[PDB]
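Working notes, structure below.
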Amino acid sequence: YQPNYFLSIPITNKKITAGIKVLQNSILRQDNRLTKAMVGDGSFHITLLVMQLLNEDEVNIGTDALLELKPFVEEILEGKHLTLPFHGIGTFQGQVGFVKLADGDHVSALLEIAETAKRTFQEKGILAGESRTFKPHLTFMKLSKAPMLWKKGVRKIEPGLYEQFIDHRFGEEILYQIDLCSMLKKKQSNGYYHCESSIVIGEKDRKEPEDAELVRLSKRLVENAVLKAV
Amino acid sequence: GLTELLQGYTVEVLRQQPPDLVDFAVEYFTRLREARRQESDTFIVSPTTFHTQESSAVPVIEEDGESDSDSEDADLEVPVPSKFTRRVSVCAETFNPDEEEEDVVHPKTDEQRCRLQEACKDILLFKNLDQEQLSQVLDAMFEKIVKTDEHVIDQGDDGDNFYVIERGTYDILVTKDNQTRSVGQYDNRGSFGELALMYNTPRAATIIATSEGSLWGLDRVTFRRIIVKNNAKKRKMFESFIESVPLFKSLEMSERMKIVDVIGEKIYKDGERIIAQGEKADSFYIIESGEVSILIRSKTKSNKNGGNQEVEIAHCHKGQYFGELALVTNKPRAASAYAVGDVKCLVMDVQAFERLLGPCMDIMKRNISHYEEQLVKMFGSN
Amino acid sequence: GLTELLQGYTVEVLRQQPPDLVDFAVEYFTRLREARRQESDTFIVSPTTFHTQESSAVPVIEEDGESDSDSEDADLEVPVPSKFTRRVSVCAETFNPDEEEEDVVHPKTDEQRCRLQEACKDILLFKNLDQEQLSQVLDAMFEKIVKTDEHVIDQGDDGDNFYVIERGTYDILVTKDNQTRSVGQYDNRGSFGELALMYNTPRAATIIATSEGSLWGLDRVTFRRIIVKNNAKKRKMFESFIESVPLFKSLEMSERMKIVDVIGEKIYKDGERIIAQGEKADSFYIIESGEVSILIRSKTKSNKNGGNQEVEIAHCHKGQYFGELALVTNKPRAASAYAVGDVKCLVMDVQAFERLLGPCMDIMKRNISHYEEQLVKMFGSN
Amino acid sequence: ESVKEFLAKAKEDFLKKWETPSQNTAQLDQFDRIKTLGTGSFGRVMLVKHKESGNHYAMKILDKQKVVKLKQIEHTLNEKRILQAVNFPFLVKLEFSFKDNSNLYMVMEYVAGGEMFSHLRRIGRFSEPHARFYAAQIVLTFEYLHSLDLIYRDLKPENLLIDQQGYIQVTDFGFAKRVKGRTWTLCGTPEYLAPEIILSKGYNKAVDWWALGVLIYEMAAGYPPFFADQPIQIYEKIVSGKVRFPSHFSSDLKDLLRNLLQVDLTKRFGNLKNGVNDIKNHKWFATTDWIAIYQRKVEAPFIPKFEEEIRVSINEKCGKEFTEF
Amino acid sequence: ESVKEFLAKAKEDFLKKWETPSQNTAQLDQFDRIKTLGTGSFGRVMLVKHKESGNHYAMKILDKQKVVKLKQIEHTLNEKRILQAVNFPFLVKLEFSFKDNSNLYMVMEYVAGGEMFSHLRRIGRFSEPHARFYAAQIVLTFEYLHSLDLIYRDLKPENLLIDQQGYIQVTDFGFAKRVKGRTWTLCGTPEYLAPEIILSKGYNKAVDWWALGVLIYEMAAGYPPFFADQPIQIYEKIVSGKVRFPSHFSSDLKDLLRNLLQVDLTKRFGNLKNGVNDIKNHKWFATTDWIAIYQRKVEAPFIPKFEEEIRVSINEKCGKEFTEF
């Protein structure tokens with residue numbers, strides 16, 4: 574089926590979106606007619622779940638299902654933040670360019686969240702999810718967005734264009750907000766998709782409300798140093 | 177463990193803000209290395225036991241065996257004491273008393289023979305034997321040498337000899353029923369087996385030598401023959417002296433033998449008095465050797481006084497007799513009689529004579545044609 | 177540097193795969209510390225000091241040397257010179273001349289005394305003393321024994337005695353200013369210190385004995401008293417003989433003393449002539465002892481011739497006087513006068529008498545009621 | 025008196041049979057055989073019955089050969105000659121005698137009675153009257169025997185039988201001997217030996233009388249006068265002649281016994297001047313009727329209670345010496 | 025003549041004061057004190073002034089106690105009695121006398137003049153006219169004194185003072201003594217002693233005249249007639265009487281001197297019949313106006329040039345003997 578709505582994980586880490594902006598611009602200085610293929614500033618996201626919401630009631634139902642999903646995602650994470658590392662570049666058959674999600678324990682957790690999301694929405698009467706394997710990625714360009722490119726000889730993304738960013742660490746996004754977004758409505762002023770509703774996973778997010786305080790950071794500093802040593 | 181290890185360090189860096197990162201790491205990880213207290217030592221001593229038990233009675237019993245003890249106690253038992261035994265006859269070997277016809281030589285020193293006599297004084301068979309027979313008997317005693325451990329006589333065995341000890345020591349043994357007792361010993365003195373000289377009979381005891389010794393032995397047959405022969409010779413001789421005495425001619429053979437049986441003998445040394453004038457006339461004599469002088473002190477011839485000296489009325493010799501008047505009267509002896517040299521007379525008691533043959537006067541009359549003659553002889557002149 | 181530090185450790189843990197991360201951290205961080213360099217050995221140290229002084233001083237004090245004196249220095253003599261020209265009056269000890277009332281015994285042989293006289297002949301004080309006074313004086317001389325080396329007199333010392341040497345030798349010394357000279361010696365002869373008999377005065381020389389010696393000494397006081405006493409006795413005696421002479425009765429006391437002062441004495445031995453007839457009449461006599469015979473040779477009685485022998489006109493004794501006419505006339509002696517025995521007369525020169533008292537005739541007239549008497553005495557008969 | 029008559033006729037009858045012994049009289053086939061009481065320790069005596077008369081007799085079996093050993097063979101050939109020549113009421117009888125290769129068979133009379141030894145021992149001792157009764161019989165028997173110059177020499181309870189009439193019957197003439205003069209064999213029974221026998225002085229009739237004294241004493245006392253455990257002591261007592269009589273013995277008895285048990289032959293009853301009359305006339309025998317005892321008319325005081333097959337040799341052996349028989 | 029008048033009135037005046045000495049006259053508080061010239065070698069003489077009259081006198085201080093020693097204490101108690109009794113123009117004067125615990129104080133007149141000894145020695149010798157001038161004064165003084173039987177005994181330049189009028193004034197009566205008869209103390213001055221004094225012959229007025237001869241000689245010669253370095257020699261010369269006169273001595277002088285220096289008393293001027301007139305009438309004194317010299321009307325030939333504080337004893341001491349004073 575053709576989805577018209579999706580659950581979105583927005584990219585809020587400014588380093589990630591700034592790195593992608595650089596990537597997009599470097600491609601454009603090599604070939605400026607790729608301009609309309611680039612995804613818009615402010616639109617960067619990971620798609621968690623696609624669906625069809627076909628009327629006002631169903632849009633309300635989607636919003637209800639998103640709210641109902643919150644405790645489930647909290648259950649799944651078992652008191653740990655979900656960290657999504659974005660590293661390197663890939664394509665879907667040379668037509669869609671994306672920043673890759675790095676391999677790790679987070680991928681299975683993300684998949685679990687996606688499947689629980691699909692179940693939660695379907696149990697509320699919403700056609701959601703797909704039969705194909707969930708392969709999350711962070712899109713930065715799509716040739717289909719610029720139809721005149723075929724019409725003038727550009728029919729695939731030249732792999733040389735993004736060669737320098739092939740092992741570029743864009744940054745890490747911690748899961749917090751999940752948005753219910755319209756694919757077809759007018760985008761927000763800041764470039765992001767039209768949002769019907771949002772939830773926040775985070776507590777926000779800690780096992781304990783009271784400050785440690787900053788005791789955990791030692792964990793973040795160490796884990797990051799170990800990741801860099803690899 | 178890597179992230180957690182480095183988190184402890186990093187927490188302390190953030191808290192403590194040390195000026196040097198590396199020196200703080202040396203100190204932190206050195207103290208963490210020091211920190212572990214894991215090693216431990218356990219020593220265990222414990223008492224383990226079972227609290228309760230249940231007891232059931234058992235009927236079994238145990239016994240032990242005492243060491244064997246051996247004891248012997250002398251025992252006397254009498255069965256049915258009776259006093260009823262039948263008595264068997266005994267009999268010695270027969271022998272022709274009357275001397276067959278002259279047809280035993282064992283040397284002996286004076287001391288040995290003298291000692292044999294002493295050893296024999298009290299033995300009844302020897303006790304009252306005359307000088308001659310005793311000599312012939314000792315002559316007949318043969319010597320028997322014995323080595324130590326040897327059995328002279330053994331209880332039960334038949335006996336033939338009588339023994340006198342000459343030298344040595346001996347143990348005497350007597351077996352009564354099943355018991356044998358070492359009852360007594362002999363030490364170079366003694367005699368035994370006298371019974372064997374009478375008849376053959378079982379030895380009543382056993383005699384064993386305990387050293388080298390010597391014994392004088394006498395065989396029954398030899399002993400009996402010596403004695404019988406001699407007494408039968410003496411009898412014949414006595415018989416003759418009675419027979420040749422005319423006063424006794426009317427006597428029968430058996431009557432002379434009764435006299436021979438009891439008549440005595442006496443030896444007188446020259447000069448010794450046989451009959452004393454005045455004492456009581458109890459017997460009469462028959463000279464068998466030597467001579468006898470009959471004296472009378474001529475005083476009993478008147479009324480008070482005279483001679484009072486010595487006068488020989490008669491003088492008798494071998495075969496003659498004197499003291500005859502004691503047979504026919506009862507007045508004191510008329511005269512004295514003295515032995516003229518060595519004399520041997522047969523002496524007969526008058527009272528015994530009468531008890532055996534009755535009064536002499538009757539005998540004198542038996543043969544009436546000689547009564548007068550006899551009377552004149554007895555109360556006559558010469 | 178915190179993330180970089182943790183990363184570097186992690187890279188080596190991943191490379192080395194240590195089983196014990198804590199031990200690996202101790203070693204890793206210790207080695208990291210070691211690499212930093214470098215320790216520096218301490219430099220050698222040298223100390224140097226440099227200084228400049230620019231001070232100028234006007235004032236300093238300097239003292240030098242020492243004072244040493246070898247010997248004491250004699251005091252300077254006084255400038256002023258003093259000269260003395262004055263002699264003190266001398267004076268002997270006073271004494272009551274008139275004999276108090278009889279109230280010095282030193283033995284001496286004739287030779288000794290005789291020698292003392294000789295030694296005294298020339299001494300002025302002794303030189304013209306009469307016989308008696310000289311005797312009394314020698315009597316008063318005491319002996320003084322001296323041992324050799326002894327000082328008889330010492331220059332300067334006060335003097336009281338006069339000495340005559342009896343025995344010994346002596347050295348005389350005289351000190352003039354600072355010098356002493358052994359000027360002379362005495363050898364058993366001599367005398368000295370005469371001045372001491374006058375008044376007390378300093379000894380002018382020193383006399384030392386040079387051997388055992390003996391000296392006769394005389395004390396001033398003793399000497400003066402002997403002499404004064406004797407002369408005062410003599411005066412009283414002379415005074416009396418003048419006083420009892422009637423011709424001089426009108427004389428005043430002081431006039432008699434002028435006579436006493438100068439009048440002489442003379443001794444005459446019996447028979448010697450005192451006045452010779454014819455010679456010039458110069459003096460008159462006053463007998464103080466003995467008798468005097470006045471003779472006249474009767475020739476000057478006529479005109480040429482006669483007597484020319486000896487005739488006694490008068491005969492005077494103690495207290496009387498003769499030669500009186502020399503006092504009133506100037507004609508030769510009328511007669512001679514001879515001593516009758518031992519005589520002592522006072523002799524007065526007429527010319528001296530006149531110079532002292534004027535002419536005798538005036539004295540005779542002084543007492544007018546006796547003038548005639550006096551005249552008849554002088555120019556009369558008897 | 026008839027005493028002389030009897031003895032005279034007696035000597036006659038005896039000398040006749042003595043100087044002409046009745047040899048081999050009857051035949052063995054006239055007698056059968058019954059019991060066989062004759063063992064002990066010598067000889068073979070068996071009972072037997074007769075043919076025609078059919079009487080009972082005691083036959084002594086003496087093998088002619090059996091002889092020659094033993095102690096003697098004359099003390100028998102002589103014994104036979106005496107039994108055959110003698111005849112007295114108180115003496116056993118030689119009824120029939122015969123021999124041949126068997127040789128010497130004695131057919132003695134038989135009295136189914138009791139032994140004197142068994143009777144005396146049972147009751148202990150006889151009363152004096154009863155003892156006197158038996159004694160008289162022995163005195164008479166000895167007078168008869170001595171009349172023939174025969175001495176018994178073995179008197180003792182053991183050799184005396186009490187017949188069915190209660191009278192004595194003397195047996196065993198083993199030592200019987202005809203002696204005129206003196207004899208010397210030391211024989212008899214210890215308890216009953218005379219001093220003269222023990223000492224070998226020579227002897228004759230006097231020993232039988234001494235034995236009688238012993239016999240009478242034992243009957244009235246129950247035990248012999250010179251008893252002892254050792255034979256030697258018995259003889260020494262016998263020789264000393266000293267006798268001790270029981271309290272109950274009467275005076276007359278003691279006196280008679282002192283005279284029978286006389287070691288001194290000059291004082292022994294039977295041996296003196298009057299011979300057997302000194303005994304017959306003794307106060308102890310005063311109530312005795314000698315003729316009555318002889319004819320067995322007196323009433324006795326006590327009536328007593330009442331194997332193999334041998335063959336000859338078909339040949340006569342030792343008959344070359346046992347001729348006289 | 026008036027000479028007799030004068031002497032008569034003189035003796036009167038003298039005997040009166042002699043037999044009644046004027047004792048303790050004036051008071052010490054009437055006299056002050058000035059200089060103190062009175063040392064030397066004995067006594068304490070100090071100048072002094074008067075009160076009312078305000079005159080100058082010479083007071084001799086004689087400590088009552090100081091006495092008793094020394095040489096004598098009468099040659100003074102006597103000296104005082106004379107000074108007080110005498111009165112002559114050429115004699116010093118005892119003006120005032122007094123004592124008490126101080127005792128014996130002499131208030132002598134004072135003439136601020138010169139010593140005879142100093143004057144004579146300076147100029148060497150006097151001309152005869154000048155010598156005659158002084159001599160006359162001494163002759164007159166001796167006539168007065170001898171008139172009173174007093175002898176001076178110490179004549180010498182040293183004891184003569186020249187007053188401001190140029191006339192002589194005699195001092196020191198230490199040896200002055202009233203003697204009628206003869207006296208004997210050997211005293212005076214060596215150079216001026218008379219032979220009779222040296223020899224102890226006894227003497228009186230004649231020694232003063234001899235001394236005058238010595239005094240006149242020395243004045244006209246400059247040195248004494250018997251001079252010598254040793255006292256002994258002086259006396260020996262004196263005794264010998266031998267005198268040698270200088271060349272310049274006039275005849276009249278030599279003659280006068282030979283008569284004054286006479287050892288022979290029978291020839292000595294002053295001692296003879298006419299006494300002092302033998303001297304007054306001598307040719308050497310011819311140009312002498314005796315009255316004029318007496319009244320001091322003659323013109324002298326030479327006008328001379330012109331310390332501590334003692335106290336009494338508040339008590340009179342030696343007054344137990346110095347009564348007469």
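Protein chains in written order, with my numbering: chain W, 574 to 803; chain E, 177 to 558; chain U, 177 to 558; chain R, 25 to 349; chain D, 25 to 349. All residues carry an ideal CB built from backbone N, CA and C; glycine is no exception.
Legend entry - Backbone secondary structure at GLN293 (chain E) - three-state DSSP: In the three-state reduction of the DSSP assignment, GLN293 (chain E) falls in the helix class, which pools H, G and I.
Legend entry - Short CB-CB distance (under 8 Å) between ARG531 (chain E) and chain R: Answer yes: the Cβ-Cβ gap between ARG531 (chain E) and chain R drops below 8 Å somewhere.
Legend entry - Proximal residues to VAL266 (chain U) (C-beta, below 8 Å), its chain only, five neighbours per side dropped: Apart from the 5 residues on each side of it in sequence, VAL266 (chain U) sits with its Cβ closer than 8 Å to the Cβ of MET374, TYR375, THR377 in its chain, given in chain order.
Inset, instruction - Output the residue ranges of the beta strand (DSSP E) runs that lie fully inside the stretch 731-800 of chain W and measure 3 residues or longer, sorted by chain position. - result: DSSP assignment within the stretch 731-800 of chain W yields the following whole beta strand (DSSP E) runs of 3 residues or more, N-terminal first: 742-747, 750-755, 767-773.
Legend entry - Contact between the stretch 211-221 of chain R and the stretch 258-268 of chain R (3+ Cβ pairs under 8 Å): With a cut-off of 8 Å, the stretch 258-268 of chain R and the stretch 211-221 of chain R count as touching, because enough Cβ pairs lie within range.
Inset, instruction - Enumerate in chain order the residues of its own chain whose CB-to-CB distance from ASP178 (chain R) is below 7 Å, with the five nearest sequence positions on each side excluded. - result: Taken in chain order, the residues that qualify are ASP196, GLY198, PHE199, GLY212, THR213.
Legend entry - For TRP234 (chain D) and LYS180 (chain D), the rounded distance between their alpha carbons: A direct Cα-Cα distance of roughly 12 Å separates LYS180 (chain D) from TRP234 (chain D).
Legend entry - Inter-stretch contact at 8 Å, needing at least 3 Cβ pairs: the stretch 25-34 of chain R / the stretch 161-178 of chain R: Yes: the two stretches touch, three or more of their Cβ pairs being nearer than 8 Å.
Legend entry - Sequence-distant residues of the same chain with beta carbon closer than 7 Å to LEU277 (chain R), five excluded per side: The residues are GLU152, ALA244, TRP308.
Legend entry - Separation of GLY344 (chain U) from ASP325 (chain U), as counted between CA atoms: Looking at the two C-alpha atoms, the distance is approximately 11 Å.
Legend entry - Buried versus exposed, by CB contacts within 10 Å (16 or more), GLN550 (chain U): Counting C-beta atoms within 10 angstroms of its own C-beta, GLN550 (chain U) has 16 or more neighbours from the protein chains shown and is therefore classed as buried.
Inset, instruction - With 8 Å as the threshold, decide whether the Cβ of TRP208 (chain R) is near any Cβ in chain E. - result: Among the residues facing chain E, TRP208 (chain R) is included, as its CB has a counterpart in that chain under 8 Å away.
Legend entry - Proximity test, Cβ basis, 8 Å: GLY184 (chain E) and chain U: Interface annotation, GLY184 (chain E): not in contact with chain U, CB-CB separation never under 8 Å.
Inset, instruction - State the beta-bridge partners of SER358 (chain U) as determined by DSSP. - result: Paired residues: U:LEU349.
Inset, instruction - Using only alpha-carbon positions, find the residue among R:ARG57, R:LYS321, R:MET132 that is nearest to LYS75 (chain R). - result: Comparing Cα-Cα distances from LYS75 (chain R) to each of R:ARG57, R:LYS321, R:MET132, the minimum goes to R:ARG57.
Legend entry - Those residues which DSSP pairs with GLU242 (chain U) across a bridge: None, per the DSSP bridge assignment.
Legend entry - Limits of the unbroken beta strand (DSSP E) element including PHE271 (chain U): For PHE271 (chain U), there is no enclosing beta strand (DSSP E), as DSSP marks it with neither H nor E.
Inset, instruction - Could you have a look at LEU217 (chain D) and say whether DSSP puts it in helix, strand or coil? - result: Correct three-state label for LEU217 (chain D): coil.
Inset, instruction - Can you tell me which of the three DSSP states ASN506 (chain E) falls into? - result: Coil, per DSSP.
Inset, instruction - Along the alpha helix (DSSP H) that carries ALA690 (chain W), what are the first and last residues, could you check? - result: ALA690 (chain W): member of the alpha helix (DSSP H) spanning 678-695, first to last residue.
Legend entry - Closer than 8 Å to chain W by CB, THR179 (chain E): For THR179 (chain E), the answer is yes, since a Cβ of chain W falls inside 8 Å of its Cβ.
Legend entry - In chain order, each beta strand (DSSP E) run of at least 3 residues that lies wholly inside the stretch 137-180 of chain R: The stretch 137-180 of chain R is shown to contain no whole beta strand (DSSP E) run of 3 or more residues.
Legend entry - With 16 other Cβ atoms within 10 Å as the buried cut-off, status of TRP723 (chain W): Exposed is the call here.
Legend entry - Range of the contiguous alpha helix (DSSP H) that encloses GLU242 (chain R): Residues 230-245.
Inset, instruction - Enumerate in chain order the residues of its own chain whose CB-to-CB distance from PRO583 (chain W) is below 8 Å, with the five nearest sequence positions on each side excluded. - result: Cβ neighbours of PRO583 (chain W) beyond the five flanking positions: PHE617, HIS618, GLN750, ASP752, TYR765.
Inset, instruction - Compare the Cα-Cα distances from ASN506 (chain U) to each of U:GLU455, U:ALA513, U:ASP446, U:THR351 and report the closest residue. - result: Among U:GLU455, U:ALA513, U:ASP446, U:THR351, the Cα nearest to that of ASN506 (chain U) belongs to U:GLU455.
Inset, instruction - Report the residue ranges of all alpha helix (DSSP H) runs contained in full by the stretch 422-448 of chain U; include only those spanning at least 4 residues, in chain order. - result: You should have 429-438.
Legend entry - Proximal residues of chain U, C-beta to C-beta of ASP199 (chain E) below 7 Å: Correct list: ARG209.
Inset, instruction - May I ask you to list the residues that DSSP assigns as paired with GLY389 (chain E)? - result: Per DSSP, E:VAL322.
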